[PDB]
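Enquirer: What follows is a single structure, and I will ask about it in a moment.
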Amino acid sequence: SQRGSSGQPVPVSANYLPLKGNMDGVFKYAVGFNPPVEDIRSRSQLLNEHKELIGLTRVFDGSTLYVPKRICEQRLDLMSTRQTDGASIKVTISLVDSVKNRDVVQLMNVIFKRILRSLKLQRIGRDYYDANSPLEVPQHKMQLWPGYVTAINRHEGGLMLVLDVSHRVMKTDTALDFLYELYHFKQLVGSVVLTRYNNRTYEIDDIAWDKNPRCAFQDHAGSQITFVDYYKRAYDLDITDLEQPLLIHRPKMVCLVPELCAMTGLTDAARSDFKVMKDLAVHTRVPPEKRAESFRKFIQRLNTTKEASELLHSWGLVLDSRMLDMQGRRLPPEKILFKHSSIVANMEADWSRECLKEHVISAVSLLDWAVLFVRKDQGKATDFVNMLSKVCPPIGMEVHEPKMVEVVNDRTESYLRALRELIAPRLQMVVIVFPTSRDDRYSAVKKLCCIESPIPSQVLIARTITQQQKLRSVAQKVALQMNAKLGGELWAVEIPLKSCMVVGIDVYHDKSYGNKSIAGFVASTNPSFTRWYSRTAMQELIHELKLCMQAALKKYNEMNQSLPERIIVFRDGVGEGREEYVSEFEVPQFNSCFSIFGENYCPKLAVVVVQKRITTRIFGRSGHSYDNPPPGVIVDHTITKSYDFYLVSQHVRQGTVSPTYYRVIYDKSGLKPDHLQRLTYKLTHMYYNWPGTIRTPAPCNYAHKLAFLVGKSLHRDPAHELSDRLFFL
RNA sequence: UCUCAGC
Ligand SMILES: [Mg+2]
Ligand SMILES: [Mg+2]
């Protein structure tokens, strides 16, 4: 069965609304014009003189026609005149089909977008945000707009409506002031700017400052008008500065003026900042109890507005008034095997403290390592090392005095030279300490520590050695990371799938550097899933993932003198629409690449697609308060189709947990669905940078970290000597 | 890098 057993049935409730699945009499039609005018809007206008024969309730998408009632004649031929052409254009009617299951959705999304437009909602980006009731945050010139993201699809329980509250931050002030910050260019490159006088939301494409707002443009049959005059005529406002660089948008020569503009979306500066996130996230990160009512009061609003009320009764569909109520299951909390003893996770599924009191399973001993630092931070670094020697013996590690090396100063060449005169085979780890964060020196250093000289490093920033409180915990968080960078596993969980490799793939979208789309590739190399062989992929990915799979298979063979019987490939980084693309292109490549070795080697494969950015929300509930559900809750019925499941593994403190969507796009493994769901739950714990369950499984997040490291700082492939270790953490 | 129509 699709529904696995072995959990605990907890009453959950997702944010899906079951549309009334009785939408018949929706006969699709077709129109044929022996004058083939190549404009859908012109065709619609041409047939508009015959709208009385149908009614307002029609959908003419250029070629077809959707009507909630029998068309007047499925072979009727009328003559239509054109105010421009003047020809007696043919009018055609077709009894193509009453759509069964394919174009029903494409109709419902169109009419539902029309409905949401009737509620005075605007289309910004892809979803819909309100404008009457912003949530004022007048502390940063920010201003939030409530909004909703909706979709309708053929989920197993019929036709369901997705609905999840969104939020779109918009700048209270103007844009020219934002253009003051040029010298203290390539940033307004897709920034969704909107105006205020009408709240019409443009999307910007190209900026050429070679123009002035006083220029005139040929509009409305040779009537040149200047922007200063056009805007004062059409909106009765003035312009203070007459030299601002205009903004250009073109529908898929609209020259905007950046005094009436106002950006949406915090733009890399509020993004790279600790200040504004704590200010915004109090509102953006909505707790589940508020979100449930922000959902229900949307339905109370939707069943009161006149256009919204009438449109449903026109097409006949009855939108229900309360979210779904399913019966999810809660997988048992999983034991965490340490070296000597083991602790079960709490309901919170976090062992951040119990990992600081037990022994790691395999500790690599730091007999000889080094530290780099500056005069300004010599004392703090020395104390950090002195008490790092004090915290390792508790946790089962064993460290000794490092070759305490002082760089000359903070210039990057000094660090480069100091590393180059220091690297030797008789070495374990070089632990570097920087005064201030800067990607130039960081990248120039990590290239040397990850390409030229394969020495696993560890960068620390000076502010983190507070030497007041965040030193014991920082040392206990860096010792455990340094242990893993040396190929020593910390904790493990009983995974009863004997002799099965597990692979994890994720990609990193870059738009500037060639769009190479670095993709990581991480696979286990031991039957306990604690040591990961991590390679990388490069292409301008088709051919390199087969090479990485073959190399990882060889590596697993070397360690275990065997070959895996199963290969679970938790593919991630799929686009929102290519969820079937992998099921046809790369799965055949993975089956083909097995041919290099093996006596006709037959791995029982399973390619699982992992999706994070979804819009489902599983609210667990006991009573009448839809709270967050405890991590480890599986839902796979009446919400998913084609054998895929939703899993709540993350845990948050503020907000609603987003369950993660795993699609099983290839299943030859003979694994019962129960076992694969449980396994996908176990791999959640195995991330050695956060003791406790995380969003995606261990290999997927490992691969994401590796891909981000390669893309943002390395821009090459790491040395193949480092691969058997988790040099990336 | 202690870490999760409009112009
Ligand atoms: Mg993804
Ligand atoms: Mg790290």
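Enquirer: Consider A:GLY504 carefully, then state whether it is under 28 Å from the mean Cα position of the chain (by Cα) and within 21 Å of A:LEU726 (Cβ to Cβ).
Expert: Details: under 28 Å from the mean Cα position of the chain (by Cα): yes; within 21 Å of A:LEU726 (Cβ to Cβ): yes.
Taking the combined requirement at face value, the residue satisfies it.
Enquirer: Of all residues being acidic (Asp, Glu) and surrounded by 15 or more Cβ atoms within 10 Å (Cβ to Cβ) in the range A:585-643, which is farthest from A:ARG695 (Cα to Cα)? Just the residue, please.
Expert: Across the range A:585-643, the extreme among qualifying residues is A:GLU586.
Enquirer: Have a look at A:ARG285, A:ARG250, A:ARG271, A:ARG233 and point out the one that is touching a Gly at 6+ places or on another chain (Cβ under 6 Å) and either away from ligand 2 (no atom under 16 Å from the Cβ) or on the phi > 0 side of the Ramachandran plot (or both).
Expert: Values: A:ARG250 fails: touching a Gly at 6+ places or on another chain (Cβ under 6 Å); A:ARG271 fails: touching a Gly at 6+ places or on another chain (Cβ under 6 Å); A:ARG233 fails: touching a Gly at 6+ places or on another chain (Cβ under 6 Å).
From the options A:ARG285, A:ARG250, A:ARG271, A:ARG233, the qualifying one is A:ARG285.
Enquirer: Quick one: how many residues across the range A:256-279 are of a type in the set (A, V, I, L, M) and surrounded by fewer than 19 Cβ atoms within 10 Å (Cβ to Cβ)? Walk me through how you get there before you give the answer.
Expert: Here is the first cut: in the range A:256-279, the residues of a type in the set (A, V, I, L, M) are A:256-257, A:260, A:262-263, A:266, A:269-270, A:276-277.
Next, from what is left, pick out any that are surrounded by fewer than 19 Cβ atoms within 10 Å (Cβ to Cβ): A:266, A:269-270, A:276-277.
Number satisfying all stated conditions: 5.
Enquirer: Kindly list the number of the only condition in (1) exposed (fewer than 15 other Cβ atoms within 10 Å of the Cβ); (2) touching a strand residue (DSSP E or B) at 6+ places or on another chain (Cβ under 9 Å); (3) more than 29 Å from A:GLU307 (Cα to Cα) that fails for A:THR84.
Expert: (2)
Enquirer: For the range A:560-609, which positions are assigned to a loop (DSSP other than H, G, I, E, B) and either charged (D, E, K, R) or on the phi > 0 side of the Ramachandran plot (or both)? Outline the logic, then answer.
Expert: Pass one, the range A:560-609, residues assigned to a loop (DSSP other than H, G, I, E, B): A:561-565, A:572-581, A:597-603.
Answer for the range A:560-609, where residues must be assigned to a loop (DSSP other than H, G, I, E, B) and either charged (D, E, K, R) or on the phi > 0 side of the Ramachandran plot (or both): A:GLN561, A:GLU565, A:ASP572, A:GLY573, A:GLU576, A:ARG578, A:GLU579, A:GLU580, A:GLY598, A:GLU599, A:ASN600.
Enquirer: Taking the range A:676-723, which residues are within 16 Å of ligand 1 (Cβ to nearest atom), in a helix (DSSP H, G or I) and either at positive phi or not polar (S, T, N, Q) (or both)?
Expert: Passing the criteria: A:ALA698, A:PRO699, A:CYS700, A:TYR702, A:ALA703, A:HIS704, A:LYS705, A:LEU706, A:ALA707, A:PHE708, A:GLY711.
Enquirer: As an exercise: evaluate A:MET686 against (1) within 16 Å of RNA strand B (Cβ to nearest atom); (2) closer than 18 Å to A:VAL502 by Cα; (3) under 20 Å from the mean Cα position of the chain (by Cα) and give the number of the one condition it does not meet.
Expert: It is condition (3) that A:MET686 fails.
Enquirer: Checking A:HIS637 against (1) of a type outside the set (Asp, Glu); (2) within 26 Å of A:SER6 (Cα to Cα); (3) in a loop (DSSP other than H, G, I, E, B); (4) within 16 Å of ligand 1 (Cβ to nearest atom), which single condition isn't satisfied?
Expert: Failing condition for A:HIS637: (4).
Enquirer: Restricting attention to the range A:443-483, which residues are among the hydroxyl-bearing types (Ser, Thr, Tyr) and either more than 9 Å from RNA strand B (Cβ to nearest atom) or crowded, with 18+ Cβ neighbours inside 10 Å (or both)? First the steps, then the outcome.
Expert: Initial filter on the range A:443-483 (among the hydroxyl-bearing types (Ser, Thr, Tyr)): A:443, A:453, A:457, A:464, A:466, A:473.
Those that are among the hydroxyl-bearing types (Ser, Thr, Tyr) and either more than 9 Å from RNA strand B (Cβ to nearest atom) or crowded, with 18+ Cβ neighbours inside 10 Å (or both): A:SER453, A:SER457.
Enquirer: Select from the range A:654-668 the residues that are of a type in the set (S, T, N, Q) and surrounded by fewer than 21 Cβ atoms within 10 Å (Cβ to Cβ) and list them in ascending order. I'd like the intermediate steps shown before the answer.
Expert: Step one: filter the range A:654-668 for residues of a type in the set (S, T, N, Q), giving A:654, A:656, A:658, A:660.
Within the range A:654-668, A:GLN654, A:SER658 qualify.
Enquirer: Could you grab me the full set of residues in the range A:388-404 that are under 16 Å from A:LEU367 (Cα atoms) and more than 38 Å from the chain's Cα centre (by Cα)?
Expert: Result: A:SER389, A:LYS390, A:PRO393, A:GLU398, A:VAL399, A:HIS400, A:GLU401, A:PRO402, A:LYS403, A:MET404.
Enquirer: Can you name the residue in the range A:299-316 that is among the small types (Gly, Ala, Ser) and either part of a helix (DSSP H, G or I) or in contact with a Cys (Cβ under 6 Å, 6 or more places away or on another chain) (or both) and, of all such residues, is nearest to A:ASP164 (Cα to Cα)? Lay out the reasoning, then the answer.
Expert: The first filter runs over the range A:299-316 and keeps only residues among the small types (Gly, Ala, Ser), leaving A:308-309, A:314, A:316.
Going one step further and asking which of them are either part of a helix (DSSP H, G or I) or in contact with a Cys (Cβ under 6 Å, 6 or more places away or on another chain) (or both), we end up with A:308-309, A:314.
Working: A:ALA308: 19, A:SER309: 21, A:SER314: 26 Å.
The residue in question is A:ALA308.
Enquirer: Just to check your reading of the model, which residue among A:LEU367, A:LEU427 is touching a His at 6+ places or on another chain (Cβ under 7 Å) and either among the polar types (S, T, N, Q) or surrounded by fewer than 18 Cβ atoms within 10 Å (Cβ to Cβ) (or both)? Write out each step before concluding.
Expert: Values: A:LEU427 fails: touching a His at 6+ places or on another chain (Cβ under 7 Å).
The unique qualifying residue is A:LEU367.
Enquirer: So, in the range A:317-327, of the ones that are under 27 Å from the mean Cα position of the chain (by Cα) and in a loop (DSSP other than H, G, I, E, B), which residue ends up surrounded by the fewest Cβ atoms within 10 Å (Cβ to Cβ)?
Expert: A:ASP325
Enquirer: All but one of (1) within 16 Å of ligand 1 (Cβ to nearest atom); (2) under 21 Å from A:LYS668 (Cα atoms) hold for A:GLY573; which doesn't?
Expert: (2)
Enquirer: Right, another one. Quick check on this structure: which one of A:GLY504, A:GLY488 is within 22 Å of A:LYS357 (Cβ to Cβ), buried (at least 16 other Cβ atoms within 10 Å of the Cβ) and not charged (D, E, K, R)? Full working, then the answer.
Expert: Values: A:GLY504 fails: within 22 Å of A:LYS357 (Cβ to Cβ).
Criteria check complete, one pass: A:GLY488.
Enquirer: While we're here: Can you go through A:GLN467, A:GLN476, A:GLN481 and tell me which one is part of a loop (DSSP other than H, G, I, E, B) and either polar (S, T, N, Q) or more than 16 Å from ligand 2 (Cβ to nearest atom) (or both)? Before the answer, list the steps.
Expert: Details: A:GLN476 fails: part of a loop (DSSP other than H, G, I, E, B); A:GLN481 fails: part of a loop (DSSP other than H, G, I, E, B).
Going through A:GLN467, A:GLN476, A:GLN481 in turn, just one is part of a loop (DSSP other than H, G, I, E, B) and either polar (S, T, N, Q) or more than 16 Å from ligand 2 (Cβ to nearest atom) (or both): A:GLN467.
Enquirer: Out of all the residues in the range A:717-729, which are surrounded by fewer than 23 Cβ atoms within 10 Å (Cβ to Cβ) and touching a helix residue (DSSP H, G or I) at 6+ places or on another chain (Cβ under 6 Å)?
Expert: Correct list: A:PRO718, A:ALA719, A:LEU729.
Enquirer: So, one more: So which residues in the range A:386-406 are surrounded by fewer than 19 Cβ atoms within 10 Å (Cβ to Cβ) and either hydrophobic (A, V, I, L, M, F, W, C) or in a strand (DSSP E or B) (or both), if there are any at all?
Expert: Passing the criteria: A:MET387, A:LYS403, A:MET404, A:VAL405, A:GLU406.
For neighbour counting, all protein chains shown are included, and Cβ atoms are generated from backbone atoms with ideal geometry for every residue, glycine included. Bear in mind these aren't lab numbers, they're just calculated from the coordinates by the rules spelled out.
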